[PDB]
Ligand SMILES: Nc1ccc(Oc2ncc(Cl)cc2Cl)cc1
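Next up: a single chain in structure tokens, the form solved without the named molecule.
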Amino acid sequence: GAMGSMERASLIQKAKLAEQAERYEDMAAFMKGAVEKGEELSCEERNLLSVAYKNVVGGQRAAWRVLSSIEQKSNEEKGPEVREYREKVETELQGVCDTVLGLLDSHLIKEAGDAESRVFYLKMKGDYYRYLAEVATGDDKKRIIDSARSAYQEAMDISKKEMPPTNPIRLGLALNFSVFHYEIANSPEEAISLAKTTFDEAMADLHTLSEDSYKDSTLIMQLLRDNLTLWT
């Protein structure tokens, strides 16, 4: 790859510079090059990888939604341009999701390693299948939704066995799974019961908050609350 000749440590350094510069495509490329060195990522490096790719696909998702809304409104009561450009953005978005999922499958998702990394990467697999499912149609789409659900479920099982109920990866995973249930799977009740179970169980064991981590935990707990307020 284009990062093949750069040292891993230099790639990490440059991803951090790219984050400070708000250069998230560069950031993602640096982190892909770092993953391709074939060594595990630390918690901090997982954050770099996550932030970079989420920023990239987030801008694509937002663009896609704008164009899709224009497209649907031009299909109620003339030329091909809106559809074409929406397809162009859609294709790039799928390309970024394919890249992330390929990294997860080729390099990151392993049998061993700690529960944090195993849960995080399976959560990430669920997320990027979910983003593919937001734009999918037909025979492609059914297999995508099953893929997202199975990744999320495997992460859920590990998280419930191996992490405290306030752990921010466990909470973030449950938050994102509930979003999948509501927005993708058309299962509002499953989404609501998962969000409420997650919030309540975090509150019941609030003493398990970690001092290097509790701000993230309580942030997700509030986001579960906002979704429950939205959904009820």
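Numbering starts at 1 and runs along the sequence shown. Superpose the two forms; the largest set of C-alphas matching within 1.5 Å is the rigid core.
Keep in mind that the form deposited with the named molecule bound is missing from the display, and what follows is about it.
Open or blocked, the named molecule overlaid from its pose in the bound PDB entry onto this form, 2.4 Å backbone/C-beta test: Judged against the named molecule in the bound PDB entry, the pocket is open.
Wondering, does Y182 line up within 4.5 Å of the named molecule in the bound PDB entry on heavy atoms? Output for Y182 is no: heavy atoms all beyond 4.5 Å of the named molecule.
Wondering, does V66 line up within 4.5 Å of the named molecule in the bound PDB entry on heavy atoms? Result no; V66 lies far from the named molecule in the bound PDB entry.
Could you tell me if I70 has a non-hydrogen atom within 4.5 Å of the named molecule in the bound PDB entry? No, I70 stays farther than 4.5 Å from the named molecule in the bound PDB entry.
Though only this chain appears here, would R225 touch the named molecule in the bound PDB entry if you measure heavy atom gaps against 4.5 Å? Yes.
Counting only non-hydrogen atoms and a 4.5 Å threshold, tell me whether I192, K196 and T229 all contact the named molecule in the bound PDB entry. The answer is yes: all three residues contact the partner (heavy atom, 4.5 Å cut-off).
Listed by sequence position, which residues of 92-121 have a non-hydrogen atom within 4.5 angstroms of the named molecule in the bound PDB entry? Stretch hits: zero.
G102: after superposing the rigid core, is there a C-alpha shift of 2 Å or more between this form and the one not shown? Superposed on the core, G102 moves its C-alpha less than 2 Å between this form and the one not shown.
With a threshold of 2 Å on the C-alpha, tell me if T218 counts as moved between this form and the one not shown once the core is superposed. No: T218 shifts by under 2 Å between this form and the one not shown.
Superposing on the rigid core, is the CA of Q13 displaced by 2 Å or more between this form and the one not shown? No: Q13 shifts by under 2 Å between this form and the one not shown.
Versus the form shown, are the CA atoms of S213 and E40 closer or farther apart in the bound PDB entry, given a shift of 3 angstroms or more? Relative to the shown form, the pair is farther apart.
Note on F120-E211 C-alpha separation in the bound PDB entry, which departs from the shown form by 3 angstroms or more: Relative to the shown form, the pair is farther apart.
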